[PDB]
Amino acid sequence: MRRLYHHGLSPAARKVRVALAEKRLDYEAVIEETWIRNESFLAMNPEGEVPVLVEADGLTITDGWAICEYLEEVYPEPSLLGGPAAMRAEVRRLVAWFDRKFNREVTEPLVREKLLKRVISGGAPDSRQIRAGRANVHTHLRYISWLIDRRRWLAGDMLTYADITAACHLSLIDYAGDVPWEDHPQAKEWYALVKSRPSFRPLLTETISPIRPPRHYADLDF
């Protein structure tokens, strides 16, 4: 049956999991710990990253963006890009905002230092990287608050890959306990709406050993 190679620390893989659920597509979730070399996995994806989607006929789609665009092409409804070219471009802009800018400024340092290092032998957290990530998340939350104060969802009138991408990144910052939610109440409210959707539920209930998420992480009413 359709399968997704993933791991809980990957924002892109989280995004694909949420997308598959939003599209009502059944799949088998298969963990690959990409920090442990596996020649068979590399043979399937030479980049050695998750996510990788394998359809029941064996068709193998690699890269989060490639998978997301493939899902919209093959399983068009419900749409996660929207209809007019201009709207789709705004969705894609915001996808890039989070998968590049937020990712580089916040997700990469906090996930690496607070989550991945504890999962592997990795060693001492780098406090400098952590402080920068913690400071930078404020600018992003202010932007989210600005967008959602004037739009229904981050990219406009319907939930899209923009909301999914932003929420999946934030979910990992939240797993680490580093989101200053109460400084950004409009962003907090938007995240509560996303986190309460059935597509988000596995991200809330699953854990990544040996890190215990914070007590509010799975609270819909946080």
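Heads up: residue numbers just count along the shown sequence, starting at 1.
- For the two regions 54 to 62 and 191 to 199, the entry's Cα B-factors average higher over 54 to 62.
- Comparing 79 to 87 with 124 to 132, the higher mean C-alpha B-factor in the PDB entry belongs to 124 to 132.
- When the C-alpha B-factors of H140, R92, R118, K101 are read from the PDB record, the largest value belongs to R118.
- Comparing the listed residues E49, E69, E33, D174, the entry records the largest Cα B-factor for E33.
- Per the deposited record, the Cα B-factor of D178 falls in the middle third when ranked against the other modelled residues of its chain.
- In this PDB entry, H169 carries a Cα temperature factor that places it within the lowest third of its chain's modelled residues.
- In this PDB entry, the Cα temperature factor of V18 sits in the bottom third of its chain's modelled residues, the lowest group.
- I211 sits in the highest third of its chain by CA B factor, as recorded in the PDB entry.
- When the modelled residues of the chain are ordered by their C-alpha B factor, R3 lands in the middle third.
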